[PDB]
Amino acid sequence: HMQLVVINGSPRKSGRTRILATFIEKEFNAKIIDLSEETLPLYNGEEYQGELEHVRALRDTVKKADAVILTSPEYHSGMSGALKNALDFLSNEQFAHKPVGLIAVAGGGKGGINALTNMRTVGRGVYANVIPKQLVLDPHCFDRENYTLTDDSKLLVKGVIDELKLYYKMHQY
């Protein structure tokens, strides 16, 4: 019932975040926005960008979503430049009161919380309802050799989606 969109915030074609975003796509029947495809240009605020097929598709896909998972790697203690660039095309027109769940992909140690805070702050900036439950996945959460999440990491991801579904239900109610 919930029309879920997942944004892959990593621009790296061979990166870890893409494993997570494609897991959500396949396992939860989510529409992926895969920033590793580089079909969205740098935002420059010019009118012609609003006519580009991929800018219109980004805006339409996020507006129509019942809920969004924003995934990002932590790059230098923030979300990716790629993800922020995509969000610069969007606004409260597509996000107002939309349930949003955040998942960051980190390099281990204490990485990921700075990206999650950046994402929560920007999320509130477009007036999304960023849910309480959030998640950081470290490299041990990934089997890169088989392009998958570990069983434990699939369960942690499901926990975010389950809460996001409860927030979707409340927004419908």
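Position 1 is the first residue in the sequence shown; the rest follow in order.
For the C-alpha atoms alone, is the average B factor greater in 101-109 or in 48-56, going by the entry?
Per the PDB entry, the higher value belongs to 48-56.
Going by the mean C-alpha B-factor recorded in the entry, which is higher: 135-143 or 119-127?
Per the deposited B-factors, the answer is 135-143.
Split the chain's modelled residues into thirds by Cα B-factor; is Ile33 in the lowest, middle or highest one?
As the PDB entry reports it, the C-alpha B-factor of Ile33 lands in the middle third of its chain.
Quick check for you: using the entry's CA B-factors within this chain, is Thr61 in the lowest, middle or highest third?
For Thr61, the deposited C-alpha B-factor lands in the middle third.
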